[PDB]
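A.B. asks: just the starting chains for now, same placement as in the complex:
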Amino acid sequence: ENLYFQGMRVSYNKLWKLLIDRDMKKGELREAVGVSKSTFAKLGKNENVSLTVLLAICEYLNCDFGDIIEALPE
């Protein structure tokens, strides 16, 4: 668009802590939710994915957005 704020970035580091705190492997999450290898790699690189992917992860994990994503400074 023409957004006047471009100084922050997504981080999925809370998702990985959640998995480690519940003794879940990342491959287990990918296969359970049905996320593509390509989209899953975006998570590992903190690249944007669709809210539909994030909703599916929230659904499987019984959690909410703030449990898996954080806005941090670039």
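C.D. replies: Perfect, thanks for sending it. Numbers count the residues shown, from 1 in each chain, chains lettered A, B, ... in the order given.

A.B. asks: could you report the distance from the closest residue to residue A:34 other than its chain neighbours to residue A:4?
C.D. replies: Closest residue in space to residue A:34, ignoring its immediate chain neighbours: residue A:56 at 7.4 Å, by CB to CB, 6 or more residues apart in numbering. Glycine gets a C-beta too; all of them are placed from N, C-alpha and C. To residue A:4, residue A:56 is 31 Å away according to CB to CB, to the nearest Å.

A.B. asks: the more surrounded of these two?
C.D. replies: residue A:56 (15 against 5; other CB atoms under 10 Å).

A.B. asks: what sits against that one?
C.D. replies: A:33, A:34, A:35 (CB atoms under 8 Å, 6 or more residues apart in numbering).

A.B. asks: can I get these in TSV including neighbour count, distance to residue A:49 and secondary structure?
C.D. replies: Below are the contacts of residue A:56 laid out as TSV (neighbours: other CB atoms under 10 Å; distance: CB to CB, whole Å; DSSP: H, G, I helix; E, B strand; the rest coil):
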residue	neighbour count	distance to residue A:49	secondary structure
A:33	16	12	helix
A:34	10	13	coil
A:35	19	9	coil
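
A.B. asks: here's chain B, add it to the model above:
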Amino acid sequence: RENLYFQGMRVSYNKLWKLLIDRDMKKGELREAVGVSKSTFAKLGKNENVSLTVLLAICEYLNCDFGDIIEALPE
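C.D. replies: With chain B now in place:
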């Protein structure tokens, strides 16, 4: 290209409106300040998905985090 096994939840932006209410901000002020397009802003009012880039811009302007503006709720 995405065949997700879970499709039962939807985004809600109702926390965003609460935040504006708590800060005495109008929805129109938010849109102009952040520079969100009219069509994209309309998607917020309908709880339709928008890019994380738009939501990061809103977080930045409001000095808040994703959980302050979106919630995952049953369809």
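
A.B. asks: mind redoing the nearest residue to residue A:34 now chain B's in there?
C.D. replies: residue B:5 (4.0 Å; CB to CB, 6 or more residues apart in numbering or on different chains).

A.B. asks: what's the burial count for the one you found?
C.D. replies: 12 (other CB atoms under 10 Å in any protein chain shown).

A.B. asks: and the residue of chain A found nearest chain B, helix, strand or coil?
C.D. replies: Closest approach between chain A and chain B, counting by CB to the nearest CB: residue A:66, at 2.3 Å. Secondary structure of residue A:66, reduced to three states by DSSP: H, G, I helix; E, B strand; the rest coil: helix.

A.B. asks: wait, isn't it in contact with residue B:65?
C.D. replies: Yes. At 6.5 Å, residue A:66 and residue B:65 qualify as touching, with contact defined as CB atoms under 8 Å.

A.B. asks: re the thing from before, isn't the residue nearest to residue A:34 right up against residue A:35?
C.D. replies: No. Taking contacts as CB under 8 Å, residue B:5 lies outside contact range of residue A:35: 9.2 Å.

A.B. asks: would you mind getting the angle between the longest helix along chain A and helix B:52-62?
C.D. replies: Criterion DSSP state H: the longest helix present in chain A is helix A:51-61. Counting by axes from the mean of the first three to the mean of the last three CA atoms, to 10 degrees, helix A:51-61 lies at 80 degrees to helix B:52-62.

A.B. asks: brilliant, that's me finished.
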